[PDB]
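Read the figures in this text as sums done on the coordinates, not as results from a lab. When we count neighbours, we look across all protein chains shown, and the Cβ atoms used for this are built from the backbone with ideal geometry, even at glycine.
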Amino acid sequence: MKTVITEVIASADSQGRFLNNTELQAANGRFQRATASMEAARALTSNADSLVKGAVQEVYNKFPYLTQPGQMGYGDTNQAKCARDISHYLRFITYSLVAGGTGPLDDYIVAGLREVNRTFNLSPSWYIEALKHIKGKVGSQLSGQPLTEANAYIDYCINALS
Amino acid sequence: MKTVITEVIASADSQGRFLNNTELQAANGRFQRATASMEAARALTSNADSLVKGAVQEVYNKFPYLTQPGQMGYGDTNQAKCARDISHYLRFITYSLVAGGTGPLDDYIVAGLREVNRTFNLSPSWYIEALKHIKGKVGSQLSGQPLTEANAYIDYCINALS
Amino acid sequence: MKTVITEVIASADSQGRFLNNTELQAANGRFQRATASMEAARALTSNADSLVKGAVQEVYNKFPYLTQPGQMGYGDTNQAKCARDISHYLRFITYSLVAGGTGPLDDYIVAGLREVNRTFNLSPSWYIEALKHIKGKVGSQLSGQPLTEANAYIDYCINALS
Amino acid sequence: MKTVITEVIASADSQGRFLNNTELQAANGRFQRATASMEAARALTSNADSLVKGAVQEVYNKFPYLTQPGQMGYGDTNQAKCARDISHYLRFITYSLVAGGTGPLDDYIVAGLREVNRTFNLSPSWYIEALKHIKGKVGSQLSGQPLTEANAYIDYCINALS
Amino acid sequence: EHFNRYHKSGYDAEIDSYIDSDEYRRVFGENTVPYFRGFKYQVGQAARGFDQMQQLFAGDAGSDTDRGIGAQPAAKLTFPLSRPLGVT
Amino acid sequence: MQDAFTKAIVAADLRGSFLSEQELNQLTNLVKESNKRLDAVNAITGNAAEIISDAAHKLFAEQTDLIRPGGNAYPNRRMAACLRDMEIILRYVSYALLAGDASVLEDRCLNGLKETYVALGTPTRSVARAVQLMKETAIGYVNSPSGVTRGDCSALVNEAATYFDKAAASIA
Amino acid sequence: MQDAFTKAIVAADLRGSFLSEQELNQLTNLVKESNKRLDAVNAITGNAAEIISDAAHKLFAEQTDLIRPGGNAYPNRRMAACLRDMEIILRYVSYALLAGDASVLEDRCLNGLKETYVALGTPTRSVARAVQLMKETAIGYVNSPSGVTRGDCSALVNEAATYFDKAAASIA
Amino acid sequence: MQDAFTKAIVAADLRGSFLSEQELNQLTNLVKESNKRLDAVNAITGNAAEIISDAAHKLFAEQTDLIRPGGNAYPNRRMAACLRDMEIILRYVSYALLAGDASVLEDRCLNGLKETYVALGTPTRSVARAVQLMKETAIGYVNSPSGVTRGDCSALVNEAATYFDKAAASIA
Amino acid sequence: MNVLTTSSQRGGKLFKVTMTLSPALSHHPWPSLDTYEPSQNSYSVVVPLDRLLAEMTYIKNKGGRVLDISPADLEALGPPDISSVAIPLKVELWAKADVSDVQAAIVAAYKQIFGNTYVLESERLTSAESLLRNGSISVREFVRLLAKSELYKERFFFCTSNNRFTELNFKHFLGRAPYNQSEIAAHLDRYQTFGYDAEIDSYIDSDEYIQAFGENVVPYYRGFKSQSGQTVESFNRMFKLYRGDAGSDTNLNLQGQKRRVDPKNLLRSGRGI
Ligand SMILES: *[C@H](C)[C@H]1/C(=C/c2[nH]c(/C=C3N=C(/C=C4\NC(=O)C(CC)=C4C)C(C)=C\3CCC(=O)O)c(CCC(=O)O)c2C)NC(=O)[C@@H]1C
Ligand SMILES: *[C@H](C)[C@H]1/C(=C/c2[nH]c(/C=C3N=C(/C=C4\NC(=O)C(CC)=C4C)C(C)=C\3CCC(=O)O)c(CCC(=O)O)c2C)NC(=O)[C@@H]1C
Ligand SMILES: *[C@H](C)[C@H]1/C(=C/c2[nH]c(/C=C3N=C(/C=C4\NC(=O)C(CC)=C4C)C(C)=C\3CCC(=O)O)c(CCC(=O)O)c2C)NC(=O)[C@@H]1C
Ligand SMILES: *[C@H](C)[C@H]1/C(=C/c2[nH]c(/C=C3N=C(/C=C4\NC(=O)C(CC)=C4C)C(C)=C\3CCC(=O)O)c(CCC(=O)O)c2C)NC(=O)[C@@H]1C
Ligand SMILES: *[C@H](C)[C@H]1/C(=C/c2[nH]c(/C=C3N=C(/C=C4\NC(=O)C(CC)=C4C)C(C)=C\3CCC(=O)O)c(CCC(=O)O)c2C)NC(=O)[C@@H]1C
Ligand SMILES: *[C@H](C)[C@H]1/C(=C/c2[nH]c(/C=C3N=C(/C=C4\NC(=O)C(CC)=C4C)C(C)=C\3CCC(=O)O)c(CCC(=O)O)c2C)NC(=O)[C@@H]1C
Ligand SMILES: *[C@H](C)[C@H]1/C(=C/c2[nH]c(/C=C3N=C(/C=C4\NC(=O)C(CC)=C4C)C(C)=C\3CCC(=O)O)c(CCC(=O)O)c2C)NC(=O)[C@@H]1C
Ligand SMILES: *[C@H](C)[C@H]1/C(=C/c2[nH]c(/C=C3N=C(/C=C4\NC(=O)C(CC)=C4C)C(C)=C\3CCC(=O)O)c(CCC(=O)O)c2C)NC(=O)[C@@H]1C
Ligand SMILES: *[C@H](C)[C@H]1/C(=C/c2[nH]c(/C=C3N=C(/C=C4\NC(=O)C(CC)=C4C)C(C)=C\3CCC(=O)O)c(CCC(=O)O)c2C)NC(=O)[C@@H]1C
Ligand SMILES: *[C@H](C)[C@H]1/C(=C/c2[nH]c(/C=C3N=C(/C=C4\NC(=O)C(CC)=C4C)C(C)=C\3CCC(=O)O)c(CCC(=O)O)c2C)NC(=O)[C@@H]1C
Ligand SMILES: *[C@H](C)[C@H]1/C(=C/c2[nH]c(/C=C3N=C(/C=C4\NC(=O)C(CC)=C4C)C(C)=C\3CCC(=O)O)c(CCC(=O)O)c2C)NC(=O)[C@@H]1C
Ligand SMILES: *[C@H](C)[C@H]1/C(=C/c2[nH]c(/C=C3N=C(/C=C4\NC(=O)C(CC)=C4C)C(C)=C\3CCC(=O)O)c(CCC(=O)O)c2C)NC(=O)[C@@H]1C
């Protein structure tokens, strides 16, 4: 899993060399940031649910036809799934904030994203809206660096999805 | 040349991906530290000379026989060289402080150190004393993080020499 | 470009050996089939247009919302493109029939399909319908082996798209 | 073992793809040809013996000295072997006709041919005559494609031997 | 082919693709250090083998170094590789 | 490798004999079916994507836990693998079907598969299940195509089954 | 590789001297801007996908022929490449922007690029165009972000430009 | 790679058009000749060894010096190469003949061959000569087989020639 | 072979793969027909999870075939600790044993006779236990009853091969592992004519059983310590037959009943038959 700390270790390990000042400087960077990151995670974790409801909802407004019978958005099972999925995205994001790297995101969400989505005919677009809607809400509960961090990670996914 | 900034770029580049939050965190670390680093360099640069004299000198006290005729420490040419050399070590150290990485040290000093030293029968020991003596003096002009940084780099060489 | 003939040459060539009876047998197969293949192509080529109209149309019936303003199906430019695109698919299919291999399809259509489609947000689904609708029409003008051939190639794309 | 069918599988398998129309066309070729091939085999199988006698014989006419004492052609053991060997060649040829590929020939006869022959001082020439004589006889019992097939394989060996 | 591989999957997969390539395995499966197979005819070779290998391989004193000026030199096989056949 | 023809040869070889006339007649008739045989294959390959897609849906509806955190098909990365694998198995099966022989399937594909699954902690049972799910869907197509001359494919259908089953068994 | 700091070092080295106080003050100042610098980069990376997407659309609206049969962006395969390339160039540019030095961009990306394009028959002109289109879009984001402390980024903005332009020039 | 069919396609593609009815009729008739075409190839492959053997004998009878000490075919090792080369060229030619297109031959076999020969110091003229010697022998077989239905092969014969000649020319 | 790292520098579970090498897969750079080094007939590689699929396909597409795959973490684990079996412990059932002592024996017997394998309340045998503790049955005789019991047959003898059942038997009834191919052959022939009961009888009846823990001693593990007339390799075979504490003989596990001792290893100790 890719976090700042793991990477410098890895790099040191490959070369076969002790951790020297170079790497520690980097580490120092992380952990300094953490304070903001951690704050952001506390905020998302708390409002989770509400964010999720709002998102799922949004998607339907954005793509009305999904809720029509014979579509994907239709019938509770699917709605349940839709909820579940977004929860996941969120969950991971928090993780990544705390871990201080994209690592968690990469391994759970991103790797294999395309093919899964292809085989089950999940349209990236949807997810994206979810995220965007989220981003917008988060853009109230947070501020300054905490906010900035939250965004970064949220986006990271947008880009991976698109 | 290995600095924090170059490394994260490199790592990003290998994976083939844009610089994401992971790397920036690291970079940030380098930049915040710089203030201390820079301070240290200003201090060494100024007292350079005095440090050098003191060191060279020390070495002779430590290894009296060097100054006897038919030895290496003997006759001005050699003394001049001895001075020159230590100057270099110092010079590079400053560089490394400023560059925020061992890079400068590795490429100028360390790579090829052994063989040079072997072929000309320069005893690592000597250099080491020089450094140690230096370290001790620096341990007065500096304090707190500035100091800490100075040490790190000075040591890094000790270890490479030994 | 992958056709029967090119492949056997390739395989022969890799091993470093003359074309022996093994390969010619294969070639013979391609040539015998051609008569049917060629027939199919003449049939598609002639009805091209009509097939295209029908398809494009279909897509809109299948996905009404596309024609609404602010969507992709909306505004003539897009419709023009939509037409163009399907034409292409067809064109290539004919090619492949005649060339006696998927080659033409692979190199024009398939390779890079995903990424193009991702970057411009073309939904595979659409294309698919187009094709299916086509397949259904073709299932009248043709019969026996000619038909069979037509299908094979049409499908090949369906699978690549999905 | 190299037959048409095995090869297309192999090629398909390497690229990691399903058997598509390209390969089936090829396969079809093998099967269509079979009818002729099979016919040829029935013909050789039946006249085997007679072909063998004739061949062995021929060789001796062509190279009288072989039958002199102290030579290879001399003394029954050797004659027996000589017979055996040619039988083999024939046997395999039939196999190859039926298998629809050189495969059987390659693996039994051809691979290692040279070294065997070198170490035991079997002169390729001999075998060749055998074959040629055969080819000539076969050129009566067969006709049209059946014939053509028979030749191909017979030759294939001539070339390998030479 | 390789440039695409690198863009999908990065330097590690790029490198792995040469060592795991069938060609590498057949000539020097395991237990054999790689040697210069160029300059002599290799099945499948394609002409241009010999000519391009002479550009990539200087003398035995030459090396592939960057130390002269930091950058590696430019490809030097791009123009070859894309030459038409001379009017027969 | 091997296939129906080559196989018969090899047998004959060890006896040291020309092919028996009886034995030819196996092959002679085998040829006659070719066309049927081909169409069968064509049907699978044509529907491939779908076959899988379908089977998967059903697999996950049954064994909900596979897709739950802590399950074997979670997260995405894993899911992807699971799909990929299914497909492969299918691919091979098809190959066999054309060859007219299990071998190819056994040797390239099935050999070592169980053990892999074991080492990973993949539940072999579920894998097997998937394979069957696939089987049924596949037959579905083989047996109900479009534009094909009407006739009896049973013989082929059963052989298809067997291949699927060898797979199921050796994995399981 | 190289960046602003390392560079200054190297210069100093050949003179054989400690770093001039004047020169330190370049770096000292450079540090102070860091935060700005970072955000700039962050902005690009965050919008990457879009930047490209956008630029492309505009590129193809202008030079219709690229996407017509016989053009260089046709067929799909080629199109894909063209997109890929754009992205890469961008990626590097960003890198440079962080480093505070063109080098990385020059050495990995720009060096030999023209000639490649030439050999392939890719029209260098159009490539250059794309790069600019990108430039403008990118600046767009760098310069108009959200939730960031307001101040002046011009200095950075211009340096960004230059990088884009070095690219445009050497390709062209 | 390329061949007769594929080629026509490609042309059509750049026009952006479905195949002309006229153009189909090229391919339609090309098919009809297949059988002839095949036999031609079969004839070469069947006689390969001989073709070479023969050509060589004649080559060395003419240019005695090649086989004299200090010549290019001396000693054994060199001789071997010379034979090997002949074969290769032949092999390719055949390939082309089947494809119905020079390309394959031009790209893998011919392109850069001259330069190689130059660098080695092997006398290009002699090589060319050999190629012709081969040509004549080969045609010999193509044109005079046994058990083939008698008819006109000229068309194919000439195309064969051309291939050989492209070779001769580009080497020379 | 030993694997030195469990995981790659990039996170990734390494997996040891064992194949039969083929000339194509590796060959000497020598003139003449390609030959793999004889010593590496069975080659082993440790690959990260990512390259595992590619690695295995390539092996199989050549004439290679996969002998087995195993996670590197299970591999590169200590050989089991022999602490508990170095000195078995031993249980004696005195005459006029009080209630507890009889219980201890029973437990111990089930442990050794069945392996770690668990015996459920319903599986347990009241009748046999009944007899012990009002006299009438020897510990030796109880042991016979257990090996006669279906419980025993269902686990050991009805799932695995008779080849496997023999050594399975050896270990339970005698601490020893089997020495030599002959022992395995003798038992197999006994089983074919006499049947299952006679074979079971022949281990308890054997003097080796009598000489150690002859009567009224629960069998203990003689193997893992030096025994008379025991081939040195038998000691190694005991490490294969006995894997750790909390490792059992289980029909239950996937492909449960297999051979711990390869036939070839038995042949080394002795051949003749
Ligand atoms: C929400 C916008 C839409 C929606 C979603 C939806 N998802 C599925 C099925 C799956 N969703 C995922 C996604 C994930 N699973 C994971 O493990 C992860 C990573 C942690 C993600 C992001 C997966 C894998 C599936 C496949 C099967 C499964 O449920 O696990 C469906 C069902 C579609 C089907 O037929 O299989 C749906 C509908 N639901 C909606 O209503 C929105 C349109
Ligand atoms: C000082 C503690 C002792 C001493 C030193 C001394 N050094 C040399 C010669 C060399 N010393 C170096 C060192 C460097 N040159 C470099 O380029 C670098 C990297 C930037 C270093 C660290 C080198 C390379 C030389 C060899 C070439 C040269 O002529 O400088 C000598 C002379 C040895 C000789 O054989 O002439 C000496 C004596 N002198 C003292 O008094 C101390 C014992
Ligand atoms: C039709 C089902 C829908 C539709 C299509 C549509 N396509 C585009 C843009 C492109 N379509 C393609 C496809 C191809 N171009 C090729 O070169 C090939 C291979 C020969 C194919 C299959 C491409 C590449 C483009 C992108 C570049 C271009 O402009 O051609 C659009 C425009 C979308 C955009 O500009 O972002 C549209 C709308 N239109 C409809 O009405 C259907 C929904
Ligand atoms: C017949 C034209 C001449 C002749 C032949 C002859 N052969 C041998 C010995 C061998 N012949 C072969 C050939 C094969 N063995 C195989 O397995 C195969 C593949 C199916 C072939 C083609 C072999 C291998 C041997 C070597 C040893 C053996 O026992 O086979 C001999 C004996 C020579 C010797 O040195 O032992 C002879 C004489 N006999 C004639 O009269 C003709 C001149
Ligand atoms: C899907 C129905 C089930 C599933 C599959 C699954 N597989 C893996 C991982 C691998 N599976 C294989 C498969 C093969 N190895 C071979 O040799 C062949 C035949 C040629 C196949 C088909 C392999 C090699 C792997 C390991 C390497 C890889 O990355 O694929 C996983 C992932 C395991 C992990 O921990 O990452 C999964 C999930 N498992 C399920 O949940 C389904 C029941
Ligand atoms: C069997 C599952 C179903 C079925 C099959 C069936 N097919 C035919 C006949 C033919 N099928 C083909 C198809 C091909 N031949 C080829 O060369 C290729 C590869 C390019 C294919 C795909 C052909 C050519 C024939 C012969 C002509 C024809 O189509 O009639 C039959 C008829 C009997 C026969 O063996 O010829 C049958 C029965 N039909 C069913 O009812 C099943 C659902
Ligand atoms: C898009 C704006 C234009 C375009 C691009 C295009 N590029 C290629 C092919 C390649 N381009 C590169 C690019 C690079 N090589 C490098 O090393 C770097 C820096 C690291 C870059 C950016 C390379 C390697 C290739 C060659 C490999 C390949 O063919 O993929 C093509 C394809 C050319 C072809 O004929 O196939 C294209 C189309 N072309 C346009 O139309 C735009 C103007
Ligand atoms: C410039 C293009 C636009 C802009 C940027 C801007 N940023 C700041 C200040 C900060 N921004 C950051 C951002 C980061 N620091 C980090 O370490 C990281 C990566 C982990 C980021 C992304 C931070 C922490 C600061 C300092 C705290 C703060 O938010 O104030 C400024 C203020 C100037 C200064 O810091 O000296 C500015 C101007 N804002 C604009 O006006 C431009 C559009
Ligand atoms: C024979 C007609 C004439 C002859 C030939 C000859 N060739 C060599 C050496 C080489 N030949 C080649 C040629 C090829 N490389 C390719 O890629 C192809 C096909 C695409 C060919 C045909 C090569 C590469 C070599 C050099 C390496 C090698 O030996 O394999 C020689 C030997 C000369 C030397 O000094 O090596 C000769 C003699 N020369 C004659 O005299 C005949 C007229
Ligand atoms: C031309 C150099 C010579 C010649 C050729 C010729 N051939 C035929 C007819 C056939 N040739 C073949 C051969 C094959 N068909 C295959 O499928 C394969 C690969 C396994 C081969 C080798 C076949 C089957 C035919 C059809 C039946 C037949 O043999 O006649 C003809 C007849 C006319 C035509 O256009 O095909 C001719 C003329 N005849 C010559 O003059 C040269 C001797
Ligand atoms: C000949 C007297 C007997 C015989 C030999 C024989 N060997 C093989 C196959 C192999 N033999 C070896 C031997 C070696 N490989 C080595 O590297 C070394 C020296 C370092 C030896 C001695 C090997 C490894 C093989 C297998 C792989 C390979 O081909 O290299 C065979 C063929 C077996 C097969 O089925 O492939 C034979 C026949 N066997 C006899 O019949 C004679 C009694
Ligand atoms: C419960 C937390 C989980 C679980 C357990 C489980 N275990 C078995 C079977 C056995 N487990 C052991 C355990 C031990 N053997 C020992 O001697 C020790 C330490 C001394 C332990 C802890 C053994 C010996 C067995 C094998 C014998 C037997 O099964 O009778 C099973 C049964 C396996 C089966 O398929 O029958 C289970 C279920 N499994 C779960 O579901 C939990 C996660």
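Summary table below
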item: Sole exception among (1) buried (at least 18 other Cβ atoms within 10 Å of the Cβ); (2) within 30 Å of B:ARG42 (Cα to Cα) for G:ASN25, by number; result: (1)
item: Flag for I:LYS13 being touching an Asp or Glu at 6+ places or on another chain (Cβ under 9 Å) and either in contact (Cβ under 8 Å) with a residue 24 or more places away in the chain or within 16 Å of ligand 4 (Cβ to nearest atom) (or both); result: yes
item: Options F:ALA61, F:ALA40, F:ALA55: the member that is within 15 Å of the chain's Cα centre (by Cα) and either within 16 Å of D:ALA99 (Cα to Cα) or within 14 Å of chain A (Cβ to nearest Cβ) (or both); result: F:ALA55
item: Residue count, the stretch H:127-159 (criterion: among the β-branched types (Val, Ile, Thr) and either within 14 Å of chain E (Cβ to nearest Cβ) or within 16 Å of ligand 4 (Cβ to nearest atom) (or both)); result: 2
item: For D:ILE128: the one exception among (1) over 15 Å from the mean Cα position of the chain (by Cα); (2) more than 30 Å from F:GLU21 (Cβ to Cβ); result: (1)
item: Qualifying residue in the stretch A:76-88 (condition: surrounded by 21 or more Cβ atoms within 10 Å (Cβ to Cβ), within 20 Å of G:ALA49 (Cα to Cα), within 11 Å of the chain's Cα centre (by Cα) and more than 16 Å from ligand 2 (Cβ to nearest atom)); result: no
item: Positions within the stretch A:25-83 being within 16 Å of ligand 3 (Cβ to nearest atom) and among the hydrophobic types (A, V, I, L, M, F, W, C), in sequence order; result: A:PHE63
item: Residue check, B:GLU115 under 28 Å from B:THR6 (Cβ atoms) and free of Cβ contacts under 8 Å to residues at least 12 places away in the same chain; result: yes
item: Residues that are crowded, with 19+ Cβ neighbours inside 10 Å and not hydrophobic (A, V, I, L, M, F, W, C), drawn from the stretch D:21-34; result: D:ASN21, D:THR22, D:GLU23, D:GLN25, D:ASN28, D:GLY29, D:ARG30, D:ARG33
item: Qualifying positions in the stretch H:49-84 - of a type in the set (A, V, I, L, M) and surrounded by fewer than 21 Cβ atoms within 10 Å (Cβ to Cβ); result: H:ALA49, H:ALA56, H:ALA61, H:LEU66, H:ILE67, H:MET79, H:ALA80, H:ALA81, H:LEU83
item: Residues within the stretch H:85-104 that are surrounded by fewer than 21 Cβ atoms within 10 Å (Cβ to Cβ) and polar (S, T, N, Q), tallied; result: 1
item: H:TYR117 being under 21 Å from C:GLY16 (Cβ atoms) and touching a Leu at 6+ places or on another chain (Cβ under 9 Å); result: no
item: Residue pairs meeting the criteria (Cβ under 6 Å; at least 6 apart or on separate chains; first over 11 Å from I:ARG155 (Cβ atoms), in the stretch I:109-130; second among the β-branched types (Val, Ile, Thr) and crowded, with 18+ Cβ neighbours inside 10 Å); result: I:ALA109/I:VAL218; I:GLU129/I:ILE106
item: Qualifying residue in the stretch F:60-69 (condition: more than 11 Å from ligand 1 (Cβ to nearest atom) and among the hydrophobic types (A, V, I, L, M, F, W, C)); result: no
item: Matching entry among A:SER37, A:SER46 (being polar (S, T, N, Q), surrounded by fewer than 20 Cβ atoms within 10 Å (Cβ to Cβ) and more than 8 Å from every other protein chain (Cβ to nearest Cβ)); result: A:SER46
item: Residue list for the stretch D:20-55, filter: within 20 Å of the chain's Cα centre (by Cα) and among the β-branched types (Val, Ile, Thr); result: D:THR35, D:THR45, D:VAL52
item: Test for C:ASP106: is it of a type outside the set (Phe, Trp, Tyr) and more than 14 Å from chain G (Cβ to nearest Cβ); result: no
item: Breaking point among (1) within 14 Å of chain G (Cβ to nearest Cβ); (2) under 22 Å from the mean Cα position of the chain (by Cα), for H:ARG15; result: (2)
item: Any hit, the stretch B:6-19, residues being within 24 Å of the chain's Cα centre (by Cα), in contact (Cβ under 8 Å) with a residue 60 or more places away in the chain, assigned to a helix (DSSP H, G or I) and closer than 30 Å to G:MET86 by Cα; result: yes
item: Restricting the stretch G:83-126 to residues that are within 14 Å of chain C (Cβ to nearest Cβ), touching a residue at least 24 places away in the same chain (Cβ under 8 Å) and within 8 Å of ligand 7 (Cβ to nearest atom), the residue that is farthest from the chain's Cα centre (by Cα); result: G:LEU83
item: Residue list for the stretch G:111-134, restricted to those being farther than 7 Å from G:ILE171 by Cβ and of a type in the set (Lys, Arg); result: G:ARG125, G:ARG129
item: Condition met for I:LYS60 (among the basic types (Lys, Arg) and farther than 22 Å from E:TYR24 by Cβ); result: no
item: Filter result for the condition that a residue is away from chain G (no Cβ under 12 Å), among the hydroxyl-bearing types (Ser, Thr, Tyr) and touching a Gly at 6+ places or on another chain (Cβ under 8 Å), over C:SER143, C:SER123; result: C:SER143
item: Checking C:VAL116 against (1) under 15 Å from the mean Cα position of the chain (by Cα); (2) within 14 Å of chain G (Cβ to nearest Cβ), the condition it does not meet; result: (1)
item: Selection from the stretch F:26-79 of residues that are basic (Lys, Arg), more than 13 Å from ligand 6 (Cβ to nearest atom) and in contact (Cβ under 8 Å) with a residue 24 or more places away in the chain; result: F:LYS58
item: Search result, residues across the stretch B:28-64 that are free of Cβ contacts under 8 Å to residues at least 24 places away in the same chain and near ligand 2 (Cβ under 10 Å from one of its atoms); result: B:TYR60
item: Residues of the stretch I:140-194 satisfying the condition of being crowded, with 22+ Cβ neighbours inside 10 Å and of a type in the set (D, E, K, R); result: I:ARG155, I:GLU167, I:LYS171, I:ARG176
item: Residue in the stretch D:80-96 that is more than 15 Å from ligand 4 (Cβ to nearest atom), closer than 27 Å to D:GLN145 by Cβ and of a type in the set (S, T, N, Q) present; result: no
